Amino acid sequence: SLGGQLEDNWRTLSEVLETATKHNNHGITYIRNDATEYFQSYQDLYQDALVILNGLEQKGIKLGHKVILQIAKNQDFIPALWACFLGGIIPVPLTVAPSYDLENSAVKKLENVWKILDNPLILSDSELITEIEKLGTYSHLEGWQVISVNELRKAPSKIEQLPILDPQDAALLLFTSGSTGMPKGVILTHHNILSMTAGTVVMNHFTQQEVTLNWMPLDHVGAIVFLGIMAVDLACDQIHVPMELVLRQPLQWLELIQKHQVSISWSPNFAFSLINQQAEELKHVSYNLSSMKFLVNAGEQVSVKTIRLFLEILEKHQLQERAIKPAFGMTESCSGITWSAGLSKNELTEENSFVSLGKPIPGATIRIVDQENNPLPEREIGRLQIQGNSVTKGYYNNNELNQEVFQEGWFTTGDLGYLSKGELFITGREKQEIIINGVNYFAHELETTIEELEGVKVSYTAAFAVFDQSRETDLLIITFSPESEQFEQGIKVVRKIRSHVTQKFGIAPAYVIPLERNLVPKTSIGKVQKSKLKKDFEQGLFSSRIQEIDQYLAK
């Protein structure tokens, strides 16, 4: 149903980095937690990567082998990632766990992936090395080996020549958590990654003069590719900020855009809302954001009302018209695959209620089909299917999954939406629909509406529907985290949530469950995974709290 013509490029990642070294002008600027800065030119990165690569070789890690990445320090992660790229070693970046002595999904993912990949070596930093080894000994994991990047930097560097690689060979393996069970390992070739890069650059007119800024964790595809490898491909300046720095003080994102004259940046929808929360203090200070021309809202459903408010607040801070770029992407397509032309605030009205995520990059084709795999007419909801050189060819060691989601040269994303004049509009995700009396409801709207309320902490909210067997009816369940200091003072807001939702939508939440911030399940990028919360409810993990709240009501 779509298009885009792109000339074949047969570069590898090593050639891309080698091309970038000539521009000793540019490279990576690392922002530390204390807001100090450290510049590493592409030449320095290349030299650093070679040293680490030699360290890897000396430990017996060979071409084609896989290594797990568990590195929180950005100054260690990127050089180690590129080290693997140059040596033909496949890096497997995984989310750094919040702790390694307590039960969490990140610890489970690390152990599961480790088992799937036949006991590969784990790369860490000096801060985390001890904790990760402890987990290995405590859980008696046979062959568990962890090494710091700084120990690999010590390797007497007997550097030999770099291997010549096939761009069709695997270069990057990224595991995503599925709805249930084992994680899914997305295989990404050089050709996959560089075909996204080329398509995105040509379509959006990026040049070596760009300044990219990332504040998402480096294990995610958006940070590795769109705001990592792309910048290397362009040989432009790239900046990496730890997520917690911007979370602790959201306005620092705006400060860094101004200070570094940033032209390209990205966050999911919730972070836009976090800025909107700062509307008051944004009246007493002024930022200059005129350098920002490509501001990506991607990673989760985009809220019309949130974007509209974001423009109104920040146009008073020199944010140019059409700078905001809602986009669609996934791990399976090396992040971004469609890009908006920009928002003009005229599509944002009590409008749609769906934001356009734009047209696909050159080389890519997208379509909306029915259950029969037949293309549907424009403007009606169906399953999104994607193809092109930027799209993955298959998952790691999972034929059952490959045969299901890869058919006729198309990949089923598991996402729902429609096409209108060539532009993609995502409406929801499969098996997460909120249907009550045949009427379609949309989680993001509900969540946005909830998050307007005082006492509801932004980015910890979820809305989903379960079927109640006893009463033979569908229930709307709302989970949130209180903005109180602290819970359980967030009992007053439970009542406030139910009424506010009824007033605006005409339907009510059956249950409203407050949650401790640390227990709301989130992907590395901060997207609330509603599947894990649905399961938790059906156990039920919250039954005690539900009763306790119900006992507090009726008094």
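The first residue of the sequence shown is number 1, and the count goes up from there.
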* Mean C-alpha B-factor comparison - 435-443 and 214-222, higher one -> 435-443
* To do: Determine, for stretches 492-500 and 27-35, which one has the higher mean CA B-factor as deposited.
  => 492-500
* Structure fact -> Among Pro326, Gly336, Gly87, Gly455, the highest C-alpha B-factor in the PDB entry belongs to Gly455
* With respect to the C-alpha temperature factors reported in the PDB entry, which of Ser124, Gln403, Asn269, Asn119 ranks highest? -> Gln403
* To do: Would you mind ranking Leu45 by its C-alpha B-factor against the rest of the chain and naming the third, lowest, middle or highest?
  => lowest
* Classify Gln486 as lowest, middle or highest third according to the C-alpha B-factor given in the PDB entry, relative to its own chain. => highest
* Structure fact -> Assert third(CA B-factor, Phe175) within chain per record equals lowest
* Structure fact -> Here the Cα B-factor of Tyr287, set against its chain, lands in the third termed middle
* To do: Compare the C-alpha B factor of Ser470 with those of the other modelled residues in its chain, then answer lowest, middle or highest third.
  => highest
